[PDB]
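Next up: a single chain in structure tokens, the form deposited in one PDB entry.
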């Protein structure tokens, strides 16, 4: 996974990161055609403890290879340490959906749900629990291709859930009841979150339970209330989302079933 720095053309800064600026750039690969990349830099990785914390991201990402999961391209372990990932040129899914609300067809929305279900069926095959399935963790490579990633300070921390609570940023509005009540995160709770993520896509990047306090969400869910059917959502798609939201995790579908059903809904929409 080691990359030669001279083969990277470092472009503009596209964001801030916990360890240093994140830039876009070009990787003039010796084996593959030139590719656009996102480059995470690390200002203090000359320190072994800082370097190990920063590189945890490369260690996690290196395990996976799927067309709808952000790919790790490589690492430069000589100072300054860089992590090189594929660039998703169209950026965050939420802003993309908001800007193109009147331009995107329903078929494109279902296609994004379908592509994410393939990424999640793949992670479930590896017995990997994502823990934060939400539109904030999805990037857009093109108008017909989205990619699942993961972002946030809590990912670098030893006690990830504890950090979120300290700042009151636990994603209660996306979480399965067993994750809220017992801090249980499984393939079934990822399914619950995926249902909320499909709702966000159909709602064109609107957040769930807007204007509702976190403490009140728990009560509503326990009482059987669920996010409403988005406008223009096919009834079969809503039925699928309501199955993701079964209070009992054993009644929820698995991602292989979600993928097969989303493929059928997409085919029917396009027809």
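Between two forms, the rigid core is the largest collection of C-alphas that superpose within 1.5 Å. Positions refer to the first chain, counted from 1.
Among other compared entries that model residues flanking residue 157, a third or more give it no coordinates. Of the other compared PDB entries of this protein that include residues on both sides, at least a third leave residue 166 without atoms.
Per the PDB record, of the two stretches 97-105 and 120-128, 97-105 carries the greater mean B-factor over its C-alpha atoms.
Between 36-44 and 215-223, it is 215-223 that carries the larger average Cα temperature factor according to the deposited entry.
Looking at 228, 67, 205, 235, the one whose CA carries the top B-factor in the deposited record is 235. For the set 190, 144, 200, 159, the maximum C-alpha B-factor listed in the entry falls on 159. The deposited CA B-factor of residue 31 belongs to the highest third of values across its chain. Annotation for residue 74: CA B-factor lies in the middle third of the chain's modelled residues.
Among the modelled residues of its chain, residue 90 has a C-alpha B-factor that falls in the middle third according to the deposited record.
Residue 163: CA B factor lies in the highest third for its chain, per the PDB record. Placement of the Cα temperature factor of residue 173 within the chain: middle third of the modelled residues, per the deposited record.
As for the form deposited in another entry, it is not shown, yet the points below apply to it.
Measuring CA movement between this form and the one not shown with the rigid core aligned, the set 246, 229, 59, 50 has one residue at 2 Å or more: 50.
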